[PDB]
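Novice: My questions all concern the structure below.
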Amino acid sequence: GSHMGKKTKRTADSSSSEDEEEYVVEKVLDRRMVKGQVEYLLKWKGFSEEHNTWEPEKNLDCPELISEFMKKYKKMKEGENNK
């Protein structure tokens, strides 16, 4: 048992990493209208609640979102039959 020159050979190769950032809407939190213009509260991936941002409906590239949201708001707001 003597250590003269230990020769070890191994290959793993692990090159999988990249730093990138993208903007993706999460869901419709609130909605407001001003000067005959509709707007919605968008939330980009990473932006905290306090970092919420408002955008025009014409920009809202997600109609389905609004449709669903209306479903929740309907229940929230008191008024099913009586307008």
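In the working numbering, the protein residues as written are 421 to 503.
From the three backbone atoms N, C-alpha and C, an ideal C-beta is built for every residue, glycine too.
Identify whether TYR460 lies in helix, strand or coil by the three-state DSSP scheme.
Specialist: Reading the sequence shown from its first residue, position 40 is the one you call residue 460. It is a strand residue.
Novice: Judging by CA-CA distance, which residue of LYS455, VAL454, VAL445 is the nearest neighbour of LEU461?
Specialist: Taking the first residue of the sequence shown as position 1, residue 461 is located at position 41. Comparing Cα positions, the closest option is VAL445.
Novice: Can you tell me whether DSSP reads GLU440 as helix, strand or coil?
Specialist: Position 20 of the sequence shown, counted from the first residue, corresponds to residue 440. If DSSP states are grouped into helix, strand and coil, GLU440 belongs with coil.
Novice: Measuring CB atoms only, is the region 423-440 touching the region 452-459, in the sense that at least three cross pairs come out at less than 8 Å?
Specialist: Taking 8 Å as the limit for Cβ pairs, the verdict is that the region 452-459 does not touch the region 423-440.
Novice: Tell me which same chain residues have a C-beta within less than 6 Å of the C-beta of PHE467, skipping the five on either side of it?
Specialist: In the sequence shown, residue 467 corresponds to position 47, counting from 1. Taken in chain order, the list of residues that qualify is empty.
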